[PDB]
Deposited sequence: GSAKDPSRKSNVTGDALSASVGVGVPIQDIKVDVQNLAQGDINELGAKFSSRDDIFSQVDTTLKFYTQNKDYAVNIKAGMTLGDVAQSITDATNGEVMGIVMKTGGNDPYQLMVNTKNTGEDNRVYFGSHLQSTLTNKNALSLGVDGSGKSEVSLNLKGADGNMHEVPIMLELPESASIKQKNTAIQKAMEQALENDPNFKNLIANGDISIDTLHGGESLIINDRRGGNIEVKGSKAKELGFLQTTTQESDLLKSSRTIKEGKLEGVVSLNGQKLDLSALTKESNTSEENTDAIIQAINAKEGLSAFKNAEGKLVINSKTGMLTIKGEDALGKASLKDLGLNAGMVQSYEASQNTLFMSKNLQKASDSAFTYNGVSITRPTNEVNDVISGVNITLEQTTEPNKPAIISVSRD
């Protein structure tokens, strides 16, 4: 092998890109690994390797705790690592992938994903009922859901890749042209990336808000799923205990056959509850926030029988802004080269790619 671009175990190899894992900063600066990361229970939501993960975070956890818990939630596929950086509080939480290749980008919050399987022409307009044939429903700068029409008159595409780019542009142009979205696209909270070599689009909202692709023509873009799953705020650890439970407890102040409790909860403004397929109490709040407390000794002692803890719990969405700022430092990406692309640097005639090469001066195995 000539130069320094690869090591093999008369062949000419231009190495354009190397395969990479993802590297992200998540969370604020800390003075110490031991400082408290969050004083509230909450969930860190992200998506990678085609899997949604929800890492539970408990009130009073340390930065060190959260780092490890990311690693433990994912079985080591996503590594929660602490790295010294700059400034007075040096410690910053990093979330880095174990693996290389495009499929390992980490998308925080919510996302919808498409798969185009044809290059047919589409016109995206307005149906005979006056409704957008395709529209994007996202959470706006004001905290309310809004509808962004997506219009597009596109002849047959030469490839699936140029079609998707076009859609991407259309969606990006719409969002940039709407007051409720202009700055969410500028600051990176809302993005629309292409993936799987052009075959797929992914809308991601790092704040975690609902995403919907609506309209008579959503299917034509290839969204199997057209809405993201609003994930529930609080779920008991245990089925509610059988028999006489006693005392008074509060949910955001509001005083109290897990059925009886459900009906009790639903009669309170901005709280909702239901019974799971496992028989468990699930409580929601409009604010994304719950504070559980016992209103008298017996209540204090009965929270465990409802599989609850005295404390505050927050939706990811409710706590994203304070606990979970994210910035990508390096994007997971496939390797790219030519005698061809691949999701790792190990290209098996065995070859490991180590560096890019300069045009007209490639690696020669001989």
{"query": "Unmodelled intervals of the deposited chain, in order", "finding": "1-11, 21-28, 276-289, 373-376, 386-390, 409-412"}
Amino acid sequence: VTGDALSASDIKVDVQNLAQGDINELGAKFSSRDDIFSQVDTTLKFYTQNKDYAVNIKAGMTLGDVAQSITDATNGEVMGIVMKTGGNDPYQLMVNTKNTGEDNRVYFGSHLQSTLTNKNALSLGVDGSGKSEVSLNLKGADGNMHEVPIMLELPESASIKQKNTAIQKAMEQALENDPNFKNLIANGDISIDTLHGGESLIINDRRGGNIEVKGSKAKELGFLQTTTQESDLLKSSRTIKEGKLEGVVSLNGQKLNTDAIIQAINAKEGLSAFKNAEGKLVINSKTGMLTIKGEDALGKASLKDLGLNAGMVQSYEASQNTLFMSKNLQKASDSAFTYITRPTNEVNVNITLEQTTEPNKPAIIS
From here on, numbers count along this sequence of modelled residues.
property	result
Comparing 258-266 with 156-164, the one whose average Cα B-factor in the PDB entry is higher	156-164
Higher-B stretch (mean Cα B-factor, as the entry records it), 239-247 or 275-283	239-247
Identity of residue with top Cα B-factor, from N180, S200, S132, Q229	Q229
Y47 - Cα temperature factor, lowest/middle/highest third of chain	lowest
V13 CA temperature factor, ranked by third within the chain	highest
Among modelled residues of the same chain, the CA temperature factor third for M289	middle
Assigned third (lowest, middle, highest) for the C-alpha B factor of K327	lowest
Record-listed C-alpha B factor of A19: chain third	middle
